[PDB]
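**Student:**
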Amino acid sequence: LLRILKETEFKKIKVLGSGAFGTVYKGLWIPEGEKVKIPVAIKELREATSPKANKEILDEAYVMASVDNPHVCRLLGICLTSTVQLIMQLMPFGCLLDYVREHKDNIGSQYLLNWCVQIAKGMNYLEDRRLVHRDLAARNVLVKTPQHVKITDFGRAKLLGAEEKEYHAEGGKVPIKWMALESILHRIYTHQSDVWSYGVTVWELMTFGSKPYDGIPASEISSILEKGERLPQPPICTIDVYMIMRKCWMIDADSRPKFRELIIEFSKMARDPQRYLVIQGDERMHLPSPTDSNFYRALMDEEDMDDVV
Ligand SMILES: CNc1nnc(C(C)C)c2cc(Nc3ccnc(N4CC[C@@H](O)[C@@H](F)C4)n3)ncc12
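Each residue of the sequence shown is one higher than the one before, counting from 679 in mature numbering (1 follows the signal peptide of the UniProt record, and there is no 0).
1. Counting pairs of beta carbons, one from the segment 891 to 900 and one from the segment 940 to 957, are three or more of them closer than 8 Å?
2. Indicate whether the contact test is met: 3 or more Cβ pairs, each with one atom in the segment 697 to 710 and one in the segment 724 to 744, closer than 8 Å.
3. Give a yes or no on contact between the segment 808 to 823 and the segment 874 to 886, applying the rule of three or more CB pairs nearer than 8 Å.
4. Hey, would you say the C-beta of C757 is under 7 Å away from at least one heavy atom of ligand 1?
5. Quick check on the burial criterion: 16 or more other C-beta atoms within 10 angstroms. Buried or exposed for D783?
6. Classify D831 as buried or exposed, calling it buried when 16 or more other Cβ atoms lie within 10 Å of its own Cβ.
7. Ignore the nearest five residues each way along the sequence and tell me which others in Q763's own chain have a CB closer than 8 Å to its CB.
8. Going straight from the alpha carbon of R808 to that of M983, what length do you get?
9. My output table needs one value for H826: the three-state DSSP class, helix, strand or coil.
10. With respect to the beta strand (DSSP E) encompassing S897, which residues constitute its N-terminal and C-terminal limits?
11. Quick one: what's got a C-beta closer than 7 Å to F771's C-beta in the same chain, skipping five residues either side?
12. Consult DSSP for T761 and reduce its assignment to one of helix, strand or coil.
13. Pick out whichever of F937, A743, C915 has its Cα sitting closest to the Cα of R752.
14. Compute every distance between the C-beta of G887 and the non-hydrogen atoms of ligand 1, then say whether any falls below 7 Å.
15. Helix or strand or just coil, what does DSSP make of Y777?
16. Where do the N-terminal and C-terminal ends of the beta strand (DSSP E) with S696 fall, by residue?
17. Under the criterion of a Cβ to heavy atom distance below 7 Å, does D831 qualify as lining ligand 1?
18. Which of the three DSSP states, helix, strand or coil, is assigned to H811?
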């Protein structure tokens, strides 16, 4: 289900982010000279000749091209010339981690709890398609509007065979602080280790983007986990939200909740959000509406199109 397009049909407008793996641009799809110009995000591979880097972005593209759900990001297209470029939905905002750090002062309990529900729904969808994401984290959730988020960043995701429970991973670099103990010790990943990561992701959100285990080095993490230490109760959480988090980090992976249970439990809480999260100044916090997000987008496109002239 890869739609392979010509590189010449895309103009890059602006850089939205860059890391060691590559660059994300805001681009325009221009298939007909000057008559159609449609905004898109383009992720471009830096190391065009590296077989390992090509492997990684193509695996990402494959997983991303086989998903279709409102709480999950999908691949619109690919270009395969001298390098690889993934063509993706352009969001007005970046990742949720950056979002919660920047907009801390106006984020209320209803938003935090809707985000929990939406990520669980997105993960439930992925589990139903046999996908183990293996890198769920607040930095890997995108903001489409403040009311609507989506799971992305499928570079590490694996498609389990029918009825198979586990993915046994090779060696390499891994995000220790989001991983289940069995993943650290034995390199085993499942939907229930994805549940462990989900609990860390909730904890990032409830702390408005604190780094987990801040101070403790990565190589110390499995030791402290085996000793029974876990991420601390965020200040805004009542015990009922923190217990859900703590259930996600139990040693027995089958004693962890399921994504479907997490959708039901967070839905219930979202029905009366201020009982479950205690935020000061909750009732007078303003976040942009969906129509504001379109305004912001039209505004940004106006100045960027003036810049290209
Ligand atoms: C201010 N606007 C923006 N800013 N940053 C990003 C990235 C850098 C998070 C954006 C990303 C996107 N669109 C998509 C859609 C689906 N997947 C992504 N990727 C997934 C893989 C990651 O490598 C990153 F490219 C985020 N981006 N739209 C807008 C962005």
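Even for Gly, the Cβ is constructed at its ideal location relative to N, Cα and C.
**Tutor:** Put simply:
1. Remark: fewer than three beta-carbon pairs, one from each stretch, lie closer than 8 Å, so the segment 891 to 900 and the segment 940 to 957 are not flagged as touching.
2. Segments in contact, yes.
3. The segment 808 to 823 vs the segment 874 to 886: in contact.
4. For ligand 1, not one heavy atom lies less than 7 Å from the Cβ of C757.
5. Exposed.
6. Residue burial is scored here from C-beta neighbours: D831 has at least 16 other C-beta atoms within 10 angstroms and is therefore classed as buried.
7. Closer than 8 Å at the Cβ level, and outside the excluded window around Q763, lie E685, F688, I720, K721, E722, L723, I756, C757.
8. When rounded, the separation of the alpha-carbon atoms in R808 and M983 is 42 Å.
9. Looking at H826 - three-state DSSP - the assignment turns out to be strand.
10. That residue, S897, is in no beta strand (DSSP E); it is neither H nor E in DSSP.
11. Contacts found: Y777, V821.
12. Collapsing the DSSP output to three states places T761 in coil.
13. Measuring from the Cα of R752, the nearest candidate turns out to be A743.
14. Not a single heavy atom of ligand 1 lies less than 7 Å from the C-beta of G887.
15. Looking at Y777 - three-state DSSP - the assignment turns out to be helix.
16. From DSSP, the beta strand (DSSP E) with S696 extends over 688 to 696.
17. Within 7 Å of the C-beta of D831 there is at least one heavy atom belonging to ligand 1.
18. Three-state result, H811: coil.
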